[PDB]
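Novice: Please read through the structure below; I'll follow up with questions.
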Amino acid sequence: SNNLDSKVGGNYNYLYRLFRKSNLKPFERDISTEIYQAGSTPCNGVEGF
Amino acid sequence: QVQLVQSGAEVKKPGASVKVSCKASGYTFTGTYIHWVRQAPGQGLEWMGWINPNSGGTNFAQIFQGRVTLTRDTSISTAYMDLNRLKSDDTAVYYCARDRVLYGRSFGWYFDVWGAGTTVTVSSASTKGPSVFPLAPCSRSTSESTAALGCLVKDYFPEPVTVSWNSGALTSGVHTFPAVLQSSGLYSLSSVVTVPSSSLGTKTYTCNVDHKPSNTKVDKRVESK
Amino acid sequence: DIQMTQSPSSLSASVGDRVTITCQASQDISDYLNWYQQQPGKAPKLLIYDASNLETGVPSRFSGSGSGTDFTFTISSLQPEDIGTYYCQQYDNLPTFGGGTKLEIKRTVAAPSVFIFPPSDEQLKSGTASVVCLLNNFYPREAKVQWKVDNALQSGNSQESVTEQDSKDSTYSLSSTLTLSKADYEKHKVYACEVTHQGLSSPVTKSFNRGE
Ligand SMILES: *[C@@H]1O[C@H](CO)[C@@H](O[C@@H]2O[C@H](CO)[C@@H](O[C@H]3O[C@H](CO)[C@@H](O)[C@H](O)[C@@H]3O)[C@H](O)[C@H]2NC(C)=O)[C@H](O)[C@H]1NC(C)=O
Ligand SMILES: *[C@@H]1O[C@H](CO)[C@@H](O[C@@H]2O[C@H](CO)[C@@H](O[C@H]3O[C@H](CO)[C@@H](O)[C@H](O)[C@@H]3O)[C@H](O)[C@H]2NC(C)=O)[C@H](O)[C@H]1NC(C)=O
C-alpha cells in the first residue's frame, strides 16, 4: 500500500506495540497506553529513564 | 442511500454563540471523519473543523481555535459544531461533509457528500417585517412598445423573503434580484415583470410578499398612474 | 498555512468548447490535491481526487492532471448543467481551498433594455426616496451604471444587484437603486440613470422630472 499509506513527509498515523509485560494470546487486542517499566524501578507520571 | 441533514436557519447577536447539528443516515456514523466547512455570501469555501465520530479526536483551522467546539452523539448518529463569541463575518452558509469510506488515500480529508446547508445570520438588528412599494414609469406616455413594473422590498431583516405575482399565475418575463444589505443591517431587494404596454389598461397585477421570521404576508397591486 | 492560488476569476465559453482551470501551491503538494464544483443554490460536489482519479457516477469528459506545485482541471464541453463554481483543495497539511472559478455560457452580445421608476406615493408617505433603475436581458455582464441629479454626478449612496446567468437565453438582468432623503429629493428636478455597456455603441440614458 505504498500508494495509499505512505506520505512524502512520512505518514505516522500507523503504529505497533514495541513493549508488553506478557505475550498476548491468539486473536487478543490490547488498547492499553500504560507506561512500560523496563528498569527494576517503578515509575509514575508520563515518562522516565 | 447516504443522507446528511442539518439544523435549520439561526438568528444571533454579535458576541453570542450558535450550535449547528449534522444528522447522519444510510451508513455507520463511526466509520469515517466528519469535516465542517462555511461559505460566506458571494465568497470561497472555508474549512475549519474535523472530528472523528468513533474517537472524539478533534482538530481545527488555526483562526477558529478556542472559538469552535466540535462534538458528537454516536447514540443519535449526530455531529455538532458549537461556535462562540460570534463575529459579524461569522454570517455564512455552514456545511458538514463526509470523509472518504472507499478507494482514496489514508490521509486526504475529501468531501464525498455535503449536508443541506445551515444559513446562520449574525446581526445587531432584531426581526423586522417587509415594507413593499410599487414600481411603474412616469405616467403612461413615457413607456413605449413593451414595459416593466415591480415590487421594491425594503427594511426587512429575517433574510428569506419571497415575492410572487398573481399568487404564481404569472411566471414568465419575471425576475427577482438577490437581496442587498443596508447600512442599518436590514435587507432589501426588488422584483419586476416585463409586459407588452397594452395590457396594463385591461389587467391588474398583484404581488404577494411573504416573510417567515415575522410570519407576515402582504398583497398589493401594481397599477399604472 | 498552505495557499491555494487559482488563476481564472471567471470563464466564458461555448457548448462543445474546451475549458482548463489552473490551481497552484506555495510548495510541492506532490499529488495531494482534490477538485469540486458547486452548482447555483446547491451544495458542492467532488469531481477529481488525488489530482487524477475521477469520482463515481460522474461523466468521463471531466479530467484532471498535474503534480508537485501545479494542477489543471479540464472539461471537453461545458453543457449547461456544468455552470457553477470550481474549487481545488490540497491535503498535504489541513484542507485549504482555491479562489472559486465561475463558469459563464458564451452567448452572442446583447444590450440591456433600460427603465427608471420614480419614488411611489407610499414611499412619499414613508419619508424615504429610493429611486430605482432597471437593466434587463443583456449579456456582457459589465454594464456600468451611472447616476446624476440636475446634471450633478452621484456616488456613495446607491447599491446594485445582478441576477445569476439565466437558462432562458444565457443573459443577465440588474437592479440599481439610489437612496435619497426627502430633504434632498424635494429640492432637485431631473433624476437620471445612464448606462455604459458593451452592446451599446454610445452611453444611453433614462430619466424623469419630479412631479411629472
Ligand atoms: C491478562 O491480564 C492479567 C492481569 O493484568 C495479566 O496477568 C499478569 O501478567 C504479568 C506478566 O506475566 C504478571 O507480572 C508479574 O510476573 C511475575 C509473577 O508471576 C513477577 O516476578 C513480575 O515482577 C511481575 O510483577 C502479573 O503478576 C499478572 N497478574 C495476575 C493477576 O496474574 C495477563 O498476563 C494478561 N493476559 C495475557 C494474555 O497477557
Ligand atoms: C482511547 O480514547 C481516547 C479519547 O476518548 C483517546 O485519547 C486521545 O488520544 C490522542 C492520540 O494519543 C491524543 O492526541 C493528542 O495528544 C497530544 C495532546 O497534548 C498531542 O501531542 C497530539 O498532537 C494530539 O493532539 C488525544 O489528546 C487524546 N484525547 C484525550 C481526551 O485523551 C485514545 O487515543 C484512545 N486509545 C487508543 C489506544 O486508541
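Order determines the names: the first chain of the C-alpha cells is A, the second B, and so forth; residues in each chain are numbered 1 upward, and ligands are numbered 1 upward as they are shown.
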Would you give me, as an NGL selection string, the residues of chain B that come within 7 Å of chain C, using only C-alpha atoms?
Specialist: :B and (44-47 or 108-109 or 111-112 or 114 or 133-138 or 177-178)
Novice: Got a sec to check which residues lie within 7 Å of ligand 1, using only C-alpha atoms and all ligand atoms, and send them as a list in words?
Specialist: residues 21, 22, 23, 24 and 25 of chain A
Novice: Write the residues of the selection above to a file with N, CA and C atoms, as a PDB file, in the first residue's frame.
Specialist:
ATOM      1  N   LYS A  21       4.228  -6.492  29.072  1.00  0.00           N
ATOM      2  CA  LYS A  21       4.665  -7.347  30.204  1.00  0.00           C
ATOM      3  C   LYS A  21       4.617  -8.852  29.894  1.00  0.00           C
ATOM      4  N   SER A  22       3.769  -9.244  28.946  1.00  0.00           N
ATOM      5  CA  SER A  22       3.481 -10.620  28.539  1.00  0.00           C
ATOM      6  C   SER A  22       3.109 -10.676  27.053  1.00  0.00           C
ATOM      7  N   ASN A  23       3.393 -11.796  26.388  1.00  0.00           N
ATOM      8  CA  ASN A  23       2.963 -12.011  25.002  1.00  0.00           C
ATOM      9  C   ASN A  23       1.446 -12.270  24.958  1.00  0.00           C
ATOM     10  N   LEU A  24       0.704 -11.627  24.051  1.00  0.00           N
ATOM     11  CA  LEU A  24      -0.755 -11.789  24.000  1.00  0.00           C
ATOM     12  C   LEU A  24      -1.219 -13.113  23.358  1.00  0.00           C
ATOM     13  N   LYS A  25      -2.366 -13.622  23.827  1.00  0.00           N
ATOM     14  CA  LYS A  25      -2.981 -14.875  23.357  1.00  0.00           C
ATOM     15  C   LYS A  25      -3.568 -14.712  21.935  1.00  0.00           C
TER      16      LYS A  25
END
Novice: Got a sec to check which residues lie within 10 Å of ligand 2, using only C-alpha atoms and all ligand atoms, and send them as JSON, numbers by chain?
Specialist: {"A": [13, 30, 31, 32, 33, 34], "B": [54, 55, 56, 57, 58, 59]}
Novice: Which residues of chain A are close to chain B, meaning at most 12 Å apart when you count only C-alpha atoms, and how do they look as a compact mmCIF listing (two decimals) with C-alpha atoms, in the first residue's frame?
Specialist:
# COMPACT_ATOMS: atom_id res chain seq x y z
CA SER A 1 0.00 0.00 0.00
CA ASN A 2 2.89 2.43 -0.73
CA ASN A 3 0.28 4.29 -2.94
CA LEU A 4 -2.39 4.54 -0.10
CA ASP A 5 -0.49 4.62 3.26
CA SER A 6 2.92 6.33 2.53
CA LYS A 7 3.34 10.18 2.54
CA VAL A 8 6.26 12.29 1.11
CA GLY A 9 6.59 13.95 4.59
CA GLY A 10 6.18 10.50 6.27
CA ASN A 11 2.85 9.07 7.49
CA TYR A 12 2.84 8.41 11.28
CA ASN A 13 -0.89 7.50 11.73
CA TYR A 14 0.16 3.78 11.80
Novice: Please report the interatomic distance between atom CA of residue C:26 and atom CA of residue C:70 in Å with one decimal.
Specialist: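 Atom CA of residue C:70 lies at a distance of 9.4 Å from atom CA of residue C:26.
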Novice: If you run DSSP on the backbone, which residues of stretch 110-171 of chain C are strand (DSSP E), as a ChimeraX atom specification?
Specialist: /C:113-117,128-138,143-149,152-153,158-162
Novice: Out of C:48, C:185, C:135, C:11, which residue has the shortest atom-to-atom distance to residue B:148 when counting only C-alpha atoms?
Specialist: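 Ranking C:48, C:185, C:135, C:11 by distance to residue B:148, first place goes to C:135.
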Novice: Tell me, in Å to one decimal, how far atom CA of residue B:38 is from atom CA of residue B:97.
Specialist: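 Going from atom CA of residue B:38 over to atom CA of residue B:97 covers 10.7 Å.
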Novice: Could you name the residues that touch residue B:88 at 8 Å or less, counting only C-alpha atoms, but leaving out those on the same chain fewer than 3 positions away, as a ChimeraX atom specification?
Specialist: /B:14,91,122-123
Novice: Those same residues, written as a PDB file, in the first residue's frame with N, CA, C and O atoms?
Specialist:
ATOM      1  N   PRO B  14     -24.012  39.558  17.524  1.00  0.00           N
ATOM      2  CA  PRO B  14     -22.567  39.592  17.732  1.00  0.00           C
ATOM      3  C   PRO B  14     -22.184  39.293  19.191  1.00  0.00           C
ATOM      4  O   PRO B  14     -22.918  39.620  20.127  1.00  0.00           O
ATOM      5  N   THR B  91     -21.465  35.375   9.829  1.00  0.00           N
ATOM      6  CA  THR B  91     -22.634  35.231   8.940  1.00  0.00           C
ATOM      7  C   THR B  91     -22.249  34.502   7.648  1.00  0.00           C
ATOM      8  O   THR B  91     -21.560  35.066   6.795  1.00  0.00           O
ATOM      9  N   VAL B 122     -25.732  36.509  11.718  1.00  0.00           N
ATOM     10  CA  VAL B 122     -25.278  37.285  12.882  1.00  0.00           C
ATOM     11  C   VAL B 122     -25.501  38.780  12.626  1.00  0.00           C
ATOM     12  O   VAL B 122     -24.954  39.326  11.668  1.00  0.00           O
ATOM     13  N   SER B 123     -26.294  39.462  13.462  1.00  0.00           N
ATOM     14  CA  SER B 123     -26.552  40.912  13.350  1.00  0.00           C
ATOM     15  C   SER B 123     -27.017  41.533  14.673  1.00  0.00           C
ATOM     16  O   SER B 123     -27.602  40.852  15.516  1.00  0.00           O
TER      17      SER B 123
END
Novice: Would you kindly return, as a list in words, each protein, DNA or RNA residue with an atom no farther than 12 Å from any atom of residue C:80, considering only C-alpha atoms and excluding same-chain residues fewer than 3 positions away?
Specialist: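 So, after excluding close chain neighbours, the residues are residues 13, 14, 15, 16, 39, 40, 77, 83, 84, 103, 104, 105, 106, 107, 165, 166, 167, 168, 169 and 170 of chain C.
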Novice: Which one is closest to chain A: C:154, C:29, C:12, C:137? Count only C-alpha atoms.
Specialist: C:29
Novice: Out of stretch 11-159 of chain C, which residues get alpha helix (DSSP H) from DSSP, as an MDAnalysis selection string?
Specialist: chainID C and resid 121:125
Novice: List as an MDAnalysis selection string the protein and nucleic acid residues near residue A:39, meaning an atom at most 12 Å away when only C-alpha atoms are counted, but skip any in the same chain fewer than 3 places from it.
Specialist: chainID A and resid 35:36 42:43 48:49
Novice: I want to know what sits within 9 Å of residue B:34, based on only C-alpha atoms, with residues of the same chain fewer than 4 positions away left out; could you give that as a list in words?
Specialist: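 Contacts, with the query itself left out: residues 49, 50, 51, 52, 53, 79, 96, 97, 98, 99, 109 and 111 of chain B.
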